[PDB]
Amino acid sequence: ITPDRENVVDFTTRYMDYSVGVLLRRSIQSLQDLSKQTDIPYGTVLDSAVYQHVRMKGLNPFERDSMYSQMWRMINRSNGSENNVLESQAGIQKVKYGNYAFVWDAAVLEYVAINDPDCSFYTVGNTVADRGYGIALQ
Amino acid sequence: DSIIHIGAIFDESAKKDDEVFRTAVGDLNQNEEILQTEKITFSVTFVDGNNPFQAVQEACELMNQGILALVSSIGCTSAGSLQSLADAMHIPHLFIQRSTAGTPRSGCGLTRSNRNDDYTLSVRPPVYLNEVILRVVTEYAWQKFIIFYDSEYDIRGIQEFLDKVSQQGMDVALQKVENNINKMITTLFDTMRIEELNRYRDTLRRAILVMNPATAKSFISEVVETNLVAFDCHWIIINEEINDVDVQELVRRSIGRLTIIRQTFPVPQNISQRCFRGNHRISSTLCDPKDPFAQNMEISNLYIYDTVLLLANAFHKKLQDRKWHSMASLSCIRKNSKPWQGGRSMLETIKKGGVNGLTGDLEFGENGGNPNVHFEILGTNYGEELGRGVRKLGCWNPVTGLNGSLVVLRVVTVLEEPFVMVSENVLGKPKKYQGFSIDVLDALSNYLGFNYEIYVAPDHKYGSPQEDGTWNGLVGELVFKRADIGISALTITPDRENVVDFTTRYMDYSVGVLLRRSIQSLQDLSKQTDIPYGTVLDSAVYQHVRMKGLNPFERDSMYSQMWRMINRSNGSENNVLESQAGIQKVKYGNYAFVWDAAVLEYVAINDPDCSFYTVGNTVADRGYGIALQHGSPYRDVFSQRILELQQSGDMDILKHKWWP
Amino acid sequence: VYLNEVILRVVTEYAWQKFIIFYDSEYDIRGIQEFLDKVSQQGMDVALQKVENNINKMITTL
Amino acid sequence: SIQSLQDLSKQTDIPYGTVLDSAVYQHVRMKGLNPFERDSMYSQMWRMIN
Amino acid sequence: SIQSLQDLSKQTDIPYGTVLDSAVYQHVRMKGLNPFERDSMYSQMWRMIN
């Protein structure tokens, strides 16, 4: 759900609350900790919702909280061709074989990391209130 | 049998006009109110409102069949062309003006044939929008404001007002708002530097939304989100297509002052005359508001019910007064066209008629018009057992213009420093109390002209919830109406909301830790556990910690350590029993005491030894309010004064006296 | 109609932060709407007045 | 380790100051003695100057 | 590990090139004479490839 999107599609009330999480290699216990250093390169799908929210929030000087400032420089280096994956699958694999964090919906990542029989993934995530997924109609 | 057959031209957005049209003919055919002998039959034809030729073509084909009335509900694009078609061929024309997209009404204005007598009766009422907005800004005395309009809106509807704001020297900005507002507003900040951003913030304190309801709701979320809301904020929403459902949604979305201005539909006061006009029963869709269709009706639908009735009046009198002409041969646009001669005498009978309907009275002049419309003026909500309310500030109608303009208290307090401290004793009995909240009483009392007497609460605490559903202490005094008012740092929280009446906040709740002389925050606090910490036994801080520590929903490593700590030895090893008891326990031992940050900072700064240190984080949407009787009348006046004080910054001087 | 683009350039060059636009009653003002948005964004004092009646009669009456 | 004024107020490791009774001095002075416009950066800077 | 194309062209620590007369070549050529693409990456690439 987005109020912009609401002008072009009718949404229900949420049935699932939006949540953003991060799939981690098996010292980040929170997204709060993850924004405070850039030592771990991070990303999500290039040009996705998660991308554009970091951009919106990260370019806002009214709603300045330094997490999105610290995050927004990392996610957009070289306009975002240096530290975003072009597949969600490509990001899961990058955590598997390299030091990387792939930011996505906590609820998808929670499922992959907890059904990995290696137990080589770890997932942490905060839920996002007043945001959620809804059914769209014409 | 039936000799009265009429034609209707509806746009594809005039389907509801087709439904109300068909029902109204149906009501008449089932009710012997006018010309029972003759029924009303119809042919309905659909056209584009954005093609003038197509409207004329199909209207002419209805005339070739033969018709005696013509009703159109269509926009202003094809209006001049249907008006001229009526004038030349002499078919009386009931023109229902539609205003684009359900944005505020604007007129048509589109000229018609002037070589003929006029056959157009304008069904809709004139635009009074300029006059309404002016009365409302004038009562509030606005001299600087911003008018936000959407893309749907045609700006003609406020033209005389736009000329007026310039003449009266008012600083009125205009901005067009369109889709993707949340992006549009971010981008507007990016291009305006600080100087301009300051000019913009000042304009936003007084703003008018002149727009359709979808844009208005999306805009309100965004201005709230960007912090252009203020305690002096004042939004005016004007749209004649606003209804009660929109008012209730719009009020919840905004904070501060809202003024909601809408057109209202006058109907019989009597409960049996809701669905009656005389002996004629109205169908239970045009007078039944529990239907989905009925609540969502435009103003155009109401006039269509009245138009059919009014037509039926005219046909009867046309038959009864013995001037009757039947359907006749007419032909259109090749090498011959023929006017109808029965049209003039049919137009005159329709014209000098008039009916009672759902808009009130519909009647026509030479060119038509209904001068009778009512607007209601709605305002800001309030806390009630029904939820947020809406109420009449005044009324406006063209006729009379605007109507309406737009003890010793028993004081219970608690001796908590620095909020309540006893300043002076005489003969060993208190004479004067001082502290943040006492000084606030003196400010309310002198302006409001009430006198006070102060007694301190019986347990000297902020009450506690009871199994019989009462409260004791200061809270308790208000529940049992022992004390009329309470002056103290009583936190506005949900428990206390449903048992005492709160005024708005004037000082923010804050949570901190008083520490012995690496912890720079409560996150830092939770990481160590080597310096025992706790809080007052059974306070709000105590249950909050228990709550987080017992919360399945959200977990942090914070809450797990905090929960293990609070709950050491059956959770009572490291808890203290009075807030004072914690403050010494940090002072004379190895302990950290979690409490209100403003109390521990005052203590730490003013300590002689400087043997304390304090950090603490503020808590938004939490703060102290004046607690009152259940159903106390004085909440409205305490709240206004509270507001004034914060605005003039006389309240921020009270905060300096205890905390620089 | 490029009227808004041309006038906006000319007023900026001469540094007009305070001005009045006089238009007669044969002109439609749905052609300066975007102009009003731009000048307001730039903080300019742009007064509006319609020139009504015979000009000399209105100004003498004024 | 100093690369901005923001970094400079947060460590006391290097002593700093400005001309007495200049434009720079009065800015730091104002911000640090105003409760009506108190930002902790300028306060910490005023704490070293003063 | 070089992050992006951007980074790589802002060094000349390793020689680079491409096959002549290939879609790749003409895209670098097209970009490098591009007044819009007056960015130091496509200019550095064009000088090297050409």
# chains A, B, ... in the order shown; residues from 1 in each chain; ligands from 1
call {"tool": "interface_residues", "arguments": {"of": "chain C", "to": "chain B", "cutoff": "12 Å", "atoms": "only C-alpha atoms", "output": "list in words"}}
result
residues 19, 20, 21, 22, 28, 29, 30, 31, 32, 33, 34, 35, 36, 37, 38, 39, 40, 41, 42, 43, 44, 45, 46, 47, 48, 49, 50 and 51 of chain C
call {"tool": "residues_around", "arguments": {"residues": "region 16-21 of chain E", "least_positions_apart": "3", "cutoff": "9 Å", "atoms": "only C-alpha atoms", "output": "JSON, numbers by chain"}}
result
{"E": [12, 24, 25, 26, 45, 48, 49, 50]}
call {"tool": "write_last_selection", "arguments": {"atoms": "N, CA and C atoms", "output": "compact mmCIF listing (two decimals), in the first residue's frame"}}
result
# COMPACT_ATOMS: atom_id res chain seq x y z
N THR E 12 43.67 3.39 -14.28
CA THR E 12 44.30 2.94 -15.48
C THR E 12 45.34 2.01 -15.07
N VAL E 24 29.54 -3.29 -28.93
CA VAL E 24 30.28 -2.74 -27.78
C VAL E 24 31.11 -1.56 -28.21
N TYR E 25 31.87 -1.68 -29.29
CA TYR E 25 32.72 -0.57 -29.73
C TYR E 25 31.95 0.71 -30.06
N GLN E 26 30.94 0.56 -30.92
CA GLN E 26 30.12 1.64 -31.38
C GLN E 26 29.31 2.22 -30.27
N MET E 45 36.91 5.90 -21.22
CA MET E 45 36.81 4.71 -21.95
C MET E 45 37.11 4.98 -23.43
N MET E 48 40.78 5.27 -24.33
CA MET E 48 41.49 4.02 -24.25
C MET E 48 41.19 3.08 -25.32
N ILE E 49 39.88 2.82 -25.66
CA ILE E 49 39.48 1.97 -26.70
C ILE E 49 39.97 2.46 -28.03
N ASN E 50 40.08 3.77 -28.34
CA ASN E 50 40.29 4.29 -29.63
C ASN E 50 41.73 4.52 -29.81
call {"tool": "residues_around", "arguments": {"residues": "residue 107 (chain A)", "least_positions_apart": "3", "cutoff": "12 Å", "atoms": "only C-alpha atoms", "output": "list in words"}}
result
residues 16, 17, 18, 19, 20, 21, 22, 23, 103, 104, 110, 111, 112, 113, 114, 123, 124, 125, 126, 127, 128, 132 and 133 of chain A
call {"tool": "calpha_fit_rmsd", "arguments": {"fixed": "chain E", "moving": "chain D"}}
result
1.7 Å
call {"tool": "interface_residues", "arguments": {"of": "chain E", "to": "chain A", "cutoff": "9 Å", "atoms": "only C-alpha atoms", "output": "ChimeraX atom specification"}}
result
/E:2-7
call {"tool": "select_by_dssp", "arguments": {"residues": "region 256-413 of chain B", "states": "helix (DSSP H, G or I)", "output": "ChimeraX atom specification"}}
result
/B:292-295,299-320,342-351
call {"tool": "write_last_selection", "arguments": {"atoms": "N, CA, C and O atoms", "output": "short mmCIF file (atom, residue, chain, number, x, y, z; two decimals), in the first residue's frame"}}
result
data_model
loop_
_atom_site.label_atom_id
_atom_site.label_comp_id
_atom_site.auth_asym_id
_atom_site.auth_seq_id
_atom_site.Cartn_x
_atom_site.Cartn_y
_atom_site.Cartn_z
N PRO B 292 -26.40 1.46 0.02
CA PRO B 292 -25.12 1.93 -0.50
C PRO B 292 -25.25 3.00 -1.56
O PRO B 292 -24.47 3.94 -1.59
N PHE B 293 -26.26 2.86 -2.45
CA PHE B 293 -26.57 3.81 -3.51
C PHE B 293 -26.90 5.20 -2.95
O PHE B 293 -26.32 6.20 -3.36
N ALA B 294 -27.80 5.25 -1.94
CA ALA B 294 -28.36 6.47 -1.40
C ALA B 294 -27.37 7.45 -0.77
O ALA B 294 -27.44 8.66 -0.98
N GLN B 295 -26.36 6.95 -0.01
CA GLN B 295 -25.40 7.81 0.67
C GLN B 295 -24.44 8.50 -0.30
O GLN B 295 -23.87 9.54 -0.01
N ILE B 299 -25.78 15.67 -6.16
CA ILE B 299 -26.85 16.65 -6.09
C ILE B 299 -27.77 16.60 -7.32
O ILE B 299 -28.97 16.86 -7.26
N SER B 300 -27.19 16.24 -8.49
CA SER B 300 -27.85 16.06 -9.78
C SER B 300 -29.01 15.06 -9.73
O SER B 300 -30.06 15.31 -10.29
N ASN B 301 -28.85 13.96 -8.97
CA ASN B 301 -29.85 12.92 -8.78
C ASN B 301 -31.12 13.45 -8.12
O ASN B 301 -32.23 13.10 -8.49
N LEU B 302 -30.96 14.34 -7.12
CA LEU B 302 -32.06 14.90 -6.35
C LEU B 302 -32.97 15.77 -7.20
O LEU B 302 -34.18 15.63 -7.21
N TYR B 303 -32.35 16.62 -8.04
CA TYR B 303 -33.04 17.41 -9.03
C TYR B 303 -33.73 16.58 -10.09
O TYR B 303 -34.81 16.92 -10.54
N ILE B 304 -33.16 15.44 -10.53
CA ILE B 304 -33.83 14.54 -11.47
C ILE B 304 -35.14 13.95 -10.94
O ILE B 304 -36.12 13.86 -11.68
N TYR B 305 -35.21 13.59 -9.63
CA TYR B 305 -36.47 13.23 -8.99
C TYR B 305 -37.50 14.37 -9.07
O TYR B 305 -38.65 14.17 -9.48
N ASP B 306 -37.07 15.61 -8.75
CA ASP B 306 -37.90 16.79 -8.79
C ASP B 306 -38.34 17.16 -10.21
O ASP B 306 -39.47 17.55 -10.45
N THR B 307 -37.44 17.00 -11.21
CA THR B 307 -37.69 17.27 -12.63
C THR B 307 -38.82 16.45 -13.18
O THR B 307 -39.69 16.97 -13.87
N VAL B 308 -38.87 15.15 -12.87
CA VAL B 308 -39.92 14.25 -13.32
C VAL B 308 -41.27 14.56 -12.71
O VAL B 308 -42.29 14.59 -13.40
N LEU B 309 -41.29 14.86 -11.40
CA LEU B 309 -42.46 15.31 -10.69
C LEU B 309 -43.03 16.59 -11.26
O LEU B 309 -44.22 16.72 -11.55
N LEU B 310 -42.13 17.55 -11.51
CA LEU B 310 -42.44 18.85 -12.05
C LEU B 310 -42.95 18.80 -13.46
O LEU B 310 -43.90 19.49 -13.83
N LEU B 311 -42.35 17.92 -14.27
CA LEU B 311 -42.86 17.55 -15.55
C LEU B 311 -44.25 16.97 -15.44
O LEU B 311 -45.16 17.52 -16.05
N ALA B 312 -44.51 15.98 -14.57
CA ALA B 312 -45.84 15.43 -14.35
C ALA B 312 -46.91 16.49 -13.96
O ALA B 312 -47.99 16.53 -14.56
N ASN B 313 -46.58 17.46 -13.06
CA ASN B 313 -47.40 18.65 -12.77
C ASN B 313 -47.75 19.44 -14.02
O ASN B 313 -48.91 19.81 -14.22
N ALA B 314 -46.76 19.71 -14.88
CA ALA B 314 -46.96 20.44 -16.10
C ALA B 314 -47.82 19.72 -17.11
O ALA B 314 -48.68 20.34 -17.71
N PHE B 315 -47.62 18.39 -17.31
CA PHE B 315 -48.46 17.61 -18.22
C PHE B 315 -49.92 17.65 -17.77
O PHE B 315 -50.80 17.82 -18.60
N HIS B 316 -50.21 17.54 -16.45
CA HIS B 316 -51.59 17.56 -15.94
C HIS B 316 -52.32 18.76 -16.08
O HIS B 316 -53.43 18.80 -16.53
N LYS B 317 -51.64 19.83 -15.71
CA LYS B 317 -52.20 21.09 -15.93
C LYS B 317 -52.34 21.38 -17.42
O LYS B 317 -53.30 21.96 -17.88
N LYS B 318 -51.38 20.93 -18.25
CA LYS B 318 -51.51 21.07 -19.69
C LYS B 318 -52.72 20.36 -20.30
O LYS B 318 -53.40 20.89 -21.18
N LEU B 319 -53.02 19.12 -19.85
CA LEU B 319 -54.27 18.43 -20.15
C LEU B 319 -55.51 19.05 -19.53
O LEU B 319 -56.49 19.30 -20.23
N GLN B 320 -55.47 19.34 -18.21
CA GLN B 320 -56.56 19.87 -17.40
C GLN B 320 -57.00 21.26 -17.83
O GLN B 320 -58.20 21.51 -17.98
N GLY B 342 -46.32 23.25 -30.28
CA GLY B 342 -46.79 22.93 -28.95
C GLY B 342 -45.74 23.15 -27.90
O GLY B 342 -46.01 23.06 -26.71
N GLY B 343 -44.51 23.46 -28.34
CA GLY B 343 -43.36 23.64 -27.49
C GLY B 343 -43.39 24.86 -26.65
O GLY B 343 -43.00 24.83 -25.49
N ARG B 344 -43.88 25.99 -27.20
CA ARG B 344 -43.97 27.23 -26.45
C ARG B 344 -44.94 27.14 -25.29
O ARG B 344 -44.63 27.47 -24.16
N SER B 345 -46.14 26.59 -25.55
CA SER B 345 -47.18 26.42 -24.55
C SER B 345 -46.90 25.30 -23.57
O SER B 345 -47.41 25.30 -22.46
N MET B 346 -46.09 24.29 -23.97
CA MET B 346 -45.54 23.29 -23.07
C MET B 346 -44.43 23.83 -22.20
O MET B 346 -44.36 23.55 -21.00
N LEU B 347 -43.54 24.67 -22.76
CA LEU B 347 -42.52 25.37 -21.99
C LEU B 347 -43.09 26.27 -20.92
O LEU B 347 -42.62 26.28 -19.78
N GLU B 348 -44.13 27.07 -21.24
CA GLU B 348 -44.78 27.96 -20.30
C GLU B 348 -45.42 27.24 -19.13
O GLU B 348 -45.34 27.70 -17.99
N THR B 349 -46.07 26.09 -19.37
CA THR B 349 -46.67 25.30 -18.31
C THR B 349 -45.69 24.67 -17.36
O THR B 349 -45.92 24.67 -16.16
N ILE B 350 -44.56 24.15 -17.89
CA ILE B 350 -43.45 23.66 -17.10
C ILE B 350 -42.80 24.77 -16.28
O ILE B 350 -42.53 24.62 -15.09
N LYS B 351 -42.60 25.95 -16.89
CA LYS B 351 -41.93 27.10 -16.31
C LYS B 351 -42.57 27.69 -15.06
O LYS B 351 -41.90 28.01 -14.10
#
call {"tool": "residues_around", "arguments": {"residues": "residue 47 (chain E)", "least_positions_apart": "3", "cutoff": "10 Å", "atoms": "only C-alpha atoms", "output": "PDB file with C-alpha atoms, in the first residue's frame"}}
result
ATOM      1  CA  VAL E  28      31.524   3.400 -26.357  1.00  0.00           C
ATOM      2  CA  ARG E  29      32.051   5.582 -29.489  1.00  0.00           C
ATOM      3  CA  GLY E  32      32.168   9.254 -25.988  1.00  0.00           C
ATOM      4  CA  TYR E  42      32.809   7.387 -21.232  1.00  0.00           C
ATOM      5  CA  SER E  43      35.471   9.910 -22.131  1.00  0.00           C
ATOM      6  CA  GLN E  44      38.190   7.847 -20.356  1.00  0.00           C
ATOM      7  CA  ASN E  50      40.288   4.288 -29.627  1.00  0.00           C
TER       8      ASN E  50
END
call {"tool": "atom_distance", "arguments": {"atom1": "CA of residue 542 (chain B)", "atom2": "CA of residue 585 (chain B)"}}
result
17.2 Å
call {"tool": "closest_atom_pairs", "arguments": {"of": "chain A", "to": "chain B", "cutoff": "12 Å", "atoms": "only C-alpha atoms", "output": "JSON lines"}}
result
{"residue": "A:2", "atom": "CA", "partner": "B:182", "partner_atom": "CA", "distance": 9.6}
{"residue": "A:3", "atom": "CA", "partner": "B:218", "partner_atom": "CA", "distance": 6.1}
{"residue": "A:4", "atom": "CA", "partner": "B:180", "partner_atom": "CA", "distance": 5.2}
{"residue": "A:5", "atom": "CA", "partner": "B:180", "partner_atom": "CA", "distance": 8.3}
{"residue": "A:6", "atom": "CA", "partner": "B:218", "partner_atom": "CA", "distance": 8.8}
{"residue": "A:7", "atom": "CA", "partner": "B:214", "partner_atom": "CA", "distance": 7.4}
{"residue": "A:8", "atom": "CA", "partner": "B:179", "partner_atom": "CA", "distance": 9.6}
{"residue": "A:10", "atom": "CA", "partner": "B:214", "partner_atom": "CA", "distance": 11.7}
{"residue": "A:17", "atom": "CA", "partner": "B:553", "partner_atom": "CA", "distance": 11.8}
{"residue": "A:19", "atom": "CA", "partner": "B:554", "partner_atom": "CA", "distance": 11.6}
{"residue": "A:28", "atom": "CA", "partner": "B:557", "partner_atom": "CA", "distance": 11.5}
{"residue": "A:29", "atom": "CA", "partner": "B:557", "partner_atom": "CA", "distance": 7.9}
{"residue": "A:30", "atom": "CA", "partner": "B:556", "partner_atom": "CA", "distance": 8.1}
{"residue": "A:31", "atom": "CA", "partner": "B:556", "partner_atom": "CA", "distance": 11.2}
{"residue": "A:32", "atom": "CA", "partner": "B:556", "partner_atom": "CA", "distance": 11.2}
{"residue": "A:33", "atom": "CA", "partner": "B:523", "partner_atom": "CA", "distance": 11.4}
{"residue": "A:52", "atom": "CA", "partner": "B:183", "partner_atom": "CA", "distance": 10.7}
{"residue": "A:53", "atom": "CA", "partner": "B:183", "partner_atom": "CA", "distance": 11.0}
{"residue": "A:55", "atom": "CA", "partner": "B:186", "partner_atom": "CA", "distance": 10.7}
{"residue": "A:56", "atom": "CA", "partner": "B:186", "partner_atom": "CA", "distance": 7.6}
{"residue": "A:57", "atom": "CA", "partner": "B:186", "partner_atom": "CA", "distance": 9.3}
{"residue": "A:58", "atom": "CA", "partner": "B:186", "partner_atom": "CA", "distance": 10.8}
{"residue": "A:59", "atom": "CA", "partner": "B:186", "partner_atom": "CA", "distance": 8.2}
{"residue": "A:60", "atom": "CA", "partner": "B:186", "partner_atom": "CA", "distance": 6.9}
{"residue": "A:61", "atom": "CA", "partner": "B:189", "partner_atom": "CA", "distance": 8.5}
{"residue": "A:62", "atom": "CA", "partner": "B:226", "partner_atom": "CA", "distance": 6.8}
{"residue": "A:63", "atom": "CA", "partner": "B:226", "partner_atom": "CA", "distance": 7.4}
{"residue": "A:64", "atom": "CA", "partner": "B:226", "partner_atom": "CA", "distance": 11.0}
{"residue": "A:124", "atom": "CA", "partner": "B:556", "partner_atom": "CA", "distance": 9.6}
{"residue": "A:125", "atom": "CA", "partner": "B:556", "partner_atom": "CA", "distance": 9.8}
{"residue": "A:126", "atom": "CA", "partner": "B:554", "partner_atom": "CA", "distance": 7.9}
{"residue": "A:127", "atom": "CA", "partner": "B:554", "partner_atom": "CA", "distance": 8.0}
{"residue": "A:128", "atom": "CA", "partner": "B:554", "partner_atom": "CA", "distance": 11.0}
{"residue": "A:129", "atom": "CA", "partner": "B:554", "partner_atom": "CA", "distance": 11.5}
{"residue": "A:130", "atom": "CA", "partner": "B:221", "partner_atom": "CA", "distance": 11.8}
call {"tool": "atom_distance", "arguments": {"atom1": "CA of residue 376 (chain B)", "atom2": "CA of residue 404 (chain B)"}}
result
11.0 Å
call {"tool": "select_by_dssp", "arguments": {"residues": "region 2-100 of chain A", "states": "strand (DSSP E)", "output": "JSON list (two decimals) with C-alpha atoms, in the first residue's frame"}}
result
[["chain", "number", "residue", "atom", "x", "y", "z"],
["A", 10, "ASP", "CA", -8.28, 0.13, -4.76],
["A", 11, "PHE", "CA", -6.56, -1.62, -1.76],
["A", 16, "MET", "CA", -0.09, -9.02, 6.31],
["A", 17, "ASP", "CA", 1.92, -6.25, 7.89],
["A", 18, "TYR", "CA", 4.92, -4.93, 5.84],
["A", 19, "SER", "CA", 8.23, -5.75, 7.26],
["A", 20, "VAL", "CA", 11.76, -5.19, 6.02],
["A", 21, "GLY", "CA", 14.51, -7.60, 7.16],
["A", 22, "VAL", "CA", 17.98, -8.50, 6.12],
["A", 23, "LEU", "CA", 19.53, -11.84, 5.15],
["A", 24, "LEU", "CA", 22.84, -11.99, 6.75],
["A", 25, "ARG", "CA", 25.85, -14.25, 6.74],
["A", 42, "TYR", "CA", 24.21, -3.82, 1.18],
["A", 43, "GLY", "CA", 21.44, -3.49, -1.33]]
call {"tool": "residues_around", "arguments": {"residues": "residue 595 (chain B)", "least_positions_apart": "2", "cutoff": "8 Å", "atoms": "only C-alpha atoms", "output": "VMD selection string"}}
result
chain B and resid 511 to 514 535 541 579 593 597 599 to 600
call {"tool": "write_last_selection", "arguments": {"atoms": "C-alpha atoms", "output": "CSV table (one decimal), in the first residue's frame"}}
result
chain,number,residue,atom,x,y,z
B,511,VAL,CA,12.1,8.4,30.3
B,512,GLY,CA,15.7,8.4,31.5
B,513,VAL,CA,18.1,6.8,33.9
B,514,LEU,CA,19.9,8.2,36.9
B,535,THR,CA,12.1,1.0,38.8
B,541,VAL,CA,7.6,1.9,33.9
B,579,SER,CA,10.9,7.0,43.5
B,593,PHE,CA,17.2,4.0,38.7
B,597,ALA,CA,14.3,11.9,32.7
B,599,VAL,CA,13.3,14.5,37.5
B,600,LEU,CA,16.7,12.8,37.3
call {"tool": "residues_around", "arguments": {"residues": "residue 538 (chain B)", "least_positions_apart": "2", "cutoff": "10 Å", "atoms": "only C-alpha atoms", "output": "PyMOL selection string"}}
result
chain B and resi 464+535-536+540-544+575-577
call {"tool": "write_last_selection", "arguments": {"atoms": "N, CA and C atoms", "output": "CSV table (one decimal), in the first residue's frame"}}
result
chain,number,residue,atom,x,y,z
B,464,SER,N,-3.9,4.0,41.8
B,464,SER,CA,-3.6,2.6,41.3
B,464,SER,C,-4.9,2.0,40.8
B,535,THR,N,12.9,-0.1,38.8
B,535,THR,CA,12.1,1.0,38.8
B,535,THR,C,11.3,0.6,40.0
B,536,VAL,N,10.4,1.6,40.4
B,536,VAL,CA,9.3,1.6,41.3
B,536,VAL,C,8.4,0.4,41.0
B,540,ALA,N,4.1,2.6,36.0
B,540,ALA,CA,3.9,2.5,34.6
B,540,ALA,C,5.1,2.0,33.9
B,541,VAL,N,6.3,2.4,34.5
B,541,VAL,CA,7.6,1.9,33.9
B,541,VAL,C,7.8,0.5,34.2
B,542,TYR,N,7.3,0.0,35.4
B,542,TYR,CA,7.4,-1.4,35.8
B,542,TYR,C,6.6,-2.3,34.8
B,543,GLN,N,5.2,-2.0,34.6
B,543,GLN,CA,4.4,-2.8,33.7
B,543,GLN,C,4.8,-2.7,32.3
B,544,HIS,N,5.5,-1.7,31.8
B,544,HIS,CA,6.0,-1.5,30.4
B,544,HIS,C,7.1,-2.4,30.2
B,575,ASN,N,14.1,-4.0,42.7
B,575,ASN,CA,13.0,-3.0,42.5
B,575,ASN,C,13.0,-2.2,43.8
B,576,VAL,N,12.5,-0.9,43.7
B,576,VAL,CA,12.4,-0.1,44.9
B,576,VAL,C,11.0,0.2,45.0
B,577,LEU,N,10.5,0.8,46.1
B,577,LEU,CA,9.1,1.0,46.4
B,577,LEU,C,8.6,2.4,46.3
call {"tool": "atom_distance", "arguments": {"atom1": "CA of residue 431 (chain B)", "atom2": "CA of residue 487 (chain B)"}}
result
16.7 Å
call {"tool": "interface_residues", "arguments": {"of": "chain D", "to": "chain B", "cutoff": "12 Å", "atoms": "only C-alpha atoms", "output": "list in words"}}
result
residues 32, 33, 34, 35, 36, 37 and 38 of chain D
